[PDB]
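Scroll down for the structure; my scribbles are underneath it.
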Protein chains: 2
Amino acid sequence: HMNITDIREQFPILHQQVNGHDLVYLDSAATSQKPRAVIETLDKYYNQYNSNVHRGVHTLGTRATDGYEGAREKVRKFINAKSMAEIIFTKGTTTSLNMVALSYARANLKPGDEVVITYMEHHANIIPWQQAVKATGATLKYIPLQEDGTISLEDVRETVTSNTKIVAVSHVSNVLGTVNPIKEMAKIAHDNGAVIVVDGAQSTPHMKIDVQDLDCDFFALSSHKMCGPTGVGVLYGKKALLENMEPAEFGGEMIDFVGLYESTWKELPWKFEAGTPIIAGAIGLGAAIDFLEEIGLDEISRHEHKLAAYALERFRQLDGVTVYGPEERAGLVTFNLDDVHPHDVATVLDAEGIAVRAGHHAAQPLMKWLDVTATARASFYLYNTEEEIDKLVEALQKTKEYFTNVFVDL
Amino acid sequence: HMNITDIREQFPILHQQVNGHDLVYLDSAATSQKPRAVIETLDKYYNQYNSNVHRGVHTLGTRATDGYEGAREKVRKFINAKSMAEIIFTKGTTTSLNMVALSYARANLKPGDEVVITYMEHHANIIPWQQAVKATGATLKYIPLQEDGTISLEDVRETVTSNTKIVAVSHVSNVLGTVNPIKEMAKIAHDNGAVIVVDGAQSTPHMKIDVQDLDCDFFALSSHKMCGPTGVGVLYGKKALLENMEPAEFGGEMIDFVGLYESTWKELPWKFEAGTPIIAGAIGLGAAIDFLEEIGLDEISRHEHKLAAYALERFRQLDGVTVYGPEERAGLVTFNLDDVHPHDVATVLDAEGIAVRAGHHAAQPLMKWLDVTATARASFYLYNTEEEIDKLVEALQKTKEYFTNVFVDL
Ligand SMILES: Cc1ncc(COP(=O)(O)O)c(CN)c1O
Ligand SMILES: Cc1ncc(COP(=O)(O)O)c(CN)c1O
């Protein structure tokens, strides 16, 4: 069982004050904090074995190469891919989904073809598809949501047709906390002749991923959300689909032969990795995976289930607070106070040391569906505790009273 | 005047042995090493103020944002751009040139249009243009080289015509060491109605860049070659051209309004930065710039001029060694030993602690022009010394004798 004191002692950034109060960081769905094992991995790389990779002519070059391809294997095992050929390092989930939209969608869509998404998607899993359908004359459709912000498989079956070529959907929503029924959606897509593209940015850090159980055709994730460095992500795709897609970017490292006018590509996965790679970041993301595997993804999901059930109960104790989304959920709560703008809520909470986010959370169509212009969101990870949730609910109570008193005075 | 002892004391990786001999790192044209100021900048970011950027709702978020946009200003000043709107953070020179090829070239080329490159280009400044001309039915042309591997402006004037829309050329070649006459080539391109795209990956680390003196329309560079983190680069473009180009990637952060089917973009530079950015890396590249500015780019270029004139003299002392390229050059020497394969040269030198590279150096058309299948390359930076060049030339002498003796025995 995970001990939260020992886990928090590994994260130097948690041990500081903001505005004279201990920091209470509740914004890991925007980005997560890093343990010493990850930061010291980057230090050891730049202090001891930095060099360019995939020459293997000299000793430090060999070490850097082994570190970078070593991390590719750690990612393969971490999401249970069959092969390192299916693991592409990218700059982040957004670039991974764009590569699918450019190299897969723009090459396989025709007038009459549909791409199906959902109203709860993050912009990273919306805009690339808007652009690919515009480029190809294909059509974009939205699976509707149920009233608690879940998706019914009957709506999926209704929306997806035999003209659908791509269904793209979030594993977990970073606003509603909904965990979507990806494995059954993948069956529905494949029954209709479509591939499924899964936006895993908010699932991967928080629960075990098995791409062979999900049967997703593509899956995208970001290191910065899962205790790893910024600037790095992964695109997984089934090897038979990657083999037939052309590269999204062109350059050194992803070529085999270059003539004056024509070139041939390397095999996977290097066909999709043009230029000097994100060497230190990918090695640090391998360290993040080792760190999270040592704790156990199931343990971290059990902890977050506890925190989310505690938070939802304690929010129901507050009068005049609306929480969006379903009762069964990932480790976050997006909410509004009646009559206080969420930006003011986040400002007041930061004065008490508490970091949360306010805004649209890069889900404008979802805010429109929720009929609000903005919300506040507290999000949790393996270093948070029930005490910090008490601080949050106590501060929202004081926020409520403070604005009430301001109103009364005015 | 720069003191090399004090500079080398700042780079922890130099102080180690390989194969029982002090390391002699002569492969900075593949990637450079980092000073403590840069590594400690990344540590301080992840230890103290990591958070997502461009919310400014909570205190650490504000600090991370200020750090990231602060580094954008350091880059603007470092290359003398007029505006931060012209400074886009990317993953590296290769991605920066691809963005030009996708968003500029593919949008502005028609049958009959030409893109002009040179035989000495790196693949990053070849393959994207091969693909953009293929996509548009335009034509690719090559400026020829003079016999010493320089470019004559008369050949430029011959090759560039009023059908040319893009001239793309390296500032400095990572194989020949040639510094190309970019400012005069930009005049020739603009006289013909073309833009010029400059591959600055090998110039920026080593000499001062002034984009307003060069008058280049686009300029690309990589952090990992200039003492900064891996995984980050810059695309500079003249603001009036960026304003008319569409984004190359789509997602959160680069939008203003998102509807179900249509979206509008943010202003520059954020229009070109989709998804959570490379926050720590860009802050570390700002630290690299501060480090190099404190030493002085002109001082670092004077040091490398010394090292290159010393190396070329000492290589001319070796019998049976061919050096490629011109006498006036950047800080590198690419060479072959007669009758020893360059891979064997690099292997033997690594056994004496000396790191150099062998291969095509991502310039296959140039190797074909040189009539060789591969070369060896020693490349220098602000932490190298004449003593290390003596070690290199002494080891190449011993390599020569060793293979001679092997031949004799056989
Ligand atoms: C002249 C030149 N151009 C382009 C590149 C590609 O830069 P990156 O690998 O950082 O994308 C390099 C890297 N060696 C280079 O030296
Ligand atoms: C569900 C979801 N999808 C996609 C993204 C985009 O990931 P990145 O900003 O790392 O590219 C995020 C980031 N918050 C997300 O939470």
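Chain labels run A, B, ... following the order of the structure tokens; each chain numbers its residues from 1, and ligands are numbered from 1 in the order shown.
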**Message:** as a ChimeraX atom specification, please: every protein or nucleic acid residue near ligand 2 (cut-off 10 Å, counting only C-alpha atoms and all ligand atoms).
**Reply:** /A:28-31,90-98,120-126,169-175,177,198-203,220-225,230-233,361-363 /B:52,251-253,274-278
**Prompt:** Of the residues B:79, B:393, B:176, B:349, which is the one nearest to residue 21 (chain B), using only C-alpha atoms?
**Reply:**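 Residue with the minimum atom-to-atom distance to residue 21 (chain B): B:349.
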**Message:** To test your reading of the structure, identify every residue in region 23-257 of chain A that backbone DSSP assigns to alpha helix (DSSP H), and report it as number ranges by chain.
**Reply:** A: 36-44, 59-79, 93-99, 106-108, 127-136, 153-159, 182-191, 211-214, 239-244
With C-alpha atoms retained, write the just-selected residues as a PDB file, in the first residue's frame.
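Saved as result.pdb:
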```
ATOM      1  CA  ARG A  36      13.753  13.440  -7.609  1.00  0.00           C
ATOM      2  CA  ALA A  37      14.243  10.150  -9.522  1.00  0.00           C
ATOM      3  CA  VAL A  38      13.136  11.975 -12.747  1.00  0.00           C
ATOM      4  CA  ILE A  39      14.982  15.278 -12.162  1.00  0.00           C
ATOM      5  CA  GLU A  40      18.164  13.407 -11.169  1.00  0.00           C
ATOM      6  CA  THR A  41      17.820  11.282 -14.324  1.00  0.00           C
ATOM      7  CA  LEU A  42      18.001  14.442 -16.475  1.00  0.00           C
ATOM      8  CA  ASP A  43      20.925  15.671 -14.352  1.00  0.00           C
ATOM      9  CA  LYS A  44      22.831  12.442 -14.786  1.00  0.00           C
ATOM     10  CA  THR A  59      31.374   5.634 -26.035  1.00  0.00           C
ATOM     11  CA  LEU A  60      29.137   8.461 -24.799  1.00  0.00           C
ATOM     12  CA  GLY A  61      27.143   8.264 -28.090  1.00  0.00           C
ATOM     13  CA  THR A  62      26.541   4.575 -27.406  1.00  0.00           C
ATOM     14  CA  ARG A  63      25.384   5.294 -23.874  1.00  0.00           C
ATOM     15  CA  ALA A  64      22.979   8.052 -24.964  1.00  0.00           C
ATOM     16  CA  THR A  65      21.573   5.770 -27.707  1.00  0.00           C
ATOM     17  CA  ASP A  66      21.099   2.902 -25.269  1.00  0.00           C
ATOM     18  CA  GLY A  67      19.358   5.271 -22.861  1.00  0.00           C
ATOM     19  CA  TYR A  68      16.980   6.640 -25.519  1.00  0.00           C
ATOM     20  CA  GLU A  69      16.053   3.251 -27.066  1.00  0.00           C
ATOM     21  CA  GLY A  70      15.954   1.781 -23.538  1.00  0.00           C
ATOM     22  CA  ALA A  71      13.235   4.309 -22.673  1.00  0.00           C
ATOM     23  CA  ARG A  72      11.287   3.315 -25.847  1.00  0.00           C
ATOM     24  CA  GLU A  73      11.199  -0.246 -24.485  1.00  0.00           C
ATOM     25  CA  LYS A  74      10.018   1.001 -21.081  1.00  0.00           C
ATOM     26  CA  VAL A  75       7.166   2.789 -22.824  1.00  0.00           C
ATOM     27  CA  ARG A  76       6.258  -0.294 -24.889  1.00  0.00           C
ATOM     28  CA  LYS A  77       6.009  -2.421 -21.756  1.00  0.00           C
ATOM     29  CA  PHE A  78       4.219   0.325 -19.800  1.00  0.00           C
ATOM     30  CA  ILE A  79       1.239   0.434 -22.231  1.00  0.00           C
ATOM     31  CA  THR A  93      -0.281  14.310 -27.048  1.00  0.00           C
ATOM     32  CA  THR A  94      -1.236  17.259 -29.297  1.00  0.00           C
ATOM     33  CA  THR A  95       1.517  16.537 -31.815  1.00  0.00           C
ATOM     34  CA  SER A  96       0.732  12.760 -31.694  1.00  0.00           C
ATOM     35  CA  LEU A  97      -2.919  13.401 -32.612  1.00  0.00           C
ATOM     36  CA  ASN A  98      -1.918  15.854 -35.335  1.00  0.00           C
ATOM     37  CA  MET A  99       0.385  13.204 -36.837  1.00  0.00           C
ATOM     38  CA  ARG A 106      -5.758  13.280 -44.722  1.00  0.00           C
ATOM     39  CA  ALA A 107      -4.587  10.206 -46.684  1.00  0.00           C
ATOM     40  CA  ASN A 108      -7.720   8.052 -46.124  1.00  0.00           C
ATOM     41  CA  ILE A 127      -9.067  20.965 -34.178  1.00  0.00           C
ATOM     42  CA  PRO A 128      -6.838  18.443 -36.076  1.00  0.00           C
ATOM     43  CA  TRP A 129     -10.000  16.606 -37.238  1.00  0.00           C
ATOM     44  CA  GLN A 130     -11.796  19.868 -38.160  1.00  0.00           C
ATOM     45  CA  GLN A 131      -8.840  20.580 -40.415  1.00  0.00           C
ATOM     46  CA  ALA A 132      -8.485  17.105 -41.877  1.00  0.00           C
ATOM     47  CA  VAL A 133     -12.180  16.965 -42.820  1.00  0.00           C
ATOM     48  CA  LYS A 134     -11.981  20.448 -44.361  1.00  0.00           C
ATOM     49  CA  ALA A 135      -8.942  19.371 -46.391  1.00  0.00           C
ATOM     50  CA  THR A 136     -10.613  16.180 -47.663  1.00  0.00           C
ATOM     51  CA  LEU A 153     -22.890   2.917 -26.260  1.00  0.00           C
ATOM     52  CA  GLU A 154     -26.269   3.170 -27.972  1.00  0.00           C
ATOM     53  CA  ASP A 155     -25.458   6.760 -28.981  1.00  0.00           C
ATOM     54  CA  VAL A 156     -22.097   5.546 -30.220  1.00  0.00           C
ATOM     55  CA  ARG A 157     -23.809   2.877 -32.330  1.00  0.00           C
ATOM     56  CA  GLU A 158     -26.259   5.517 -33.679  1.00  0.00           C
ATOM     57  CA  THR A 159     -23.544   8.070 -34.574  1.00  0.00           C
ATOM     58  CA  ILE A 182     -12.979   2.779 -24.898  1.00  0.00           C
ATOM     59  CA  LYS A 183     -12.733  -0.984 -25.308  1.00  0.00           C
ATOM     60  CA  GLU A 184     -16.454  -1.242 -26.349  1.00  0.00           C
ATOM     61  CA  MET A 185     -16.185   1.871 -28.534  1.00  0.00           C
ATOM     62  CA  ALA A 186     -13.248   0.281 -30.326  1.00  0.00           C
ATOM     63  CA  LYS A 187     -15.441  -2.784 -31.071  1.00  0.00           C
ATOM     64  CA  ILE A 188     -18.143  -0.495 -32.464  1.00  0.00           C
ATOM     65  CA  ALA A 189     -15.712   1.371 -34.617  1.00  0.00           C
ATOM     66  CA  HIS A 190     -14.124  -1.795 -36.020  1.00  0.00           C
ATOM     67  CA  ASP A 191     -17.630  -3.339 -36.667  1.00  0.00           C
ATOM     68  CA  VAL A 211      -3.454  -1.180 -25.665  1.00  0.00           C
ATOM     69  CA  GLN A 212      -3.936  -4.927 -26.458  1.00  0.00           C
ATOM     70  CA  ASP A 213      -7.010  -5.063 -24.119  1.00  0.00           C
ATOM     71  CA  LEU A 214      -8.384  -1.705 -25.382  1.00  0.00           C
ATOM     72  CA  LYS A 239       2.192  -1.551 -36.570  1.00  0.00           C
ATOM     73  CA  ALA A 240       0.201  -2.482 -39.740  1.00  0.00           C
ATOM     74  CA  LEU A 241      -1.336   1.013 -39.792  1.00  0.00           C
ATOM     75  CA  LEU A 242       1.963   2.885 -39.170  1.00  0.00           C
ATOM     76  CA  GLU A 243       3.617   0.859 -41.860  1.00  0.00           C
ATOM     77  CA  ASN A 244       1.225   2.201 -44.485  1.00  0.00           C
TER      78      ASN A 244
END
```
**Every residue of region 190-368 of chain B that DSSP places in strand (DSSP E), as number ranges by chain** = B: 195-199, 218-222, 233-237, 255-258, 263-265, 321-324, 332-337, 354-355, 357-359
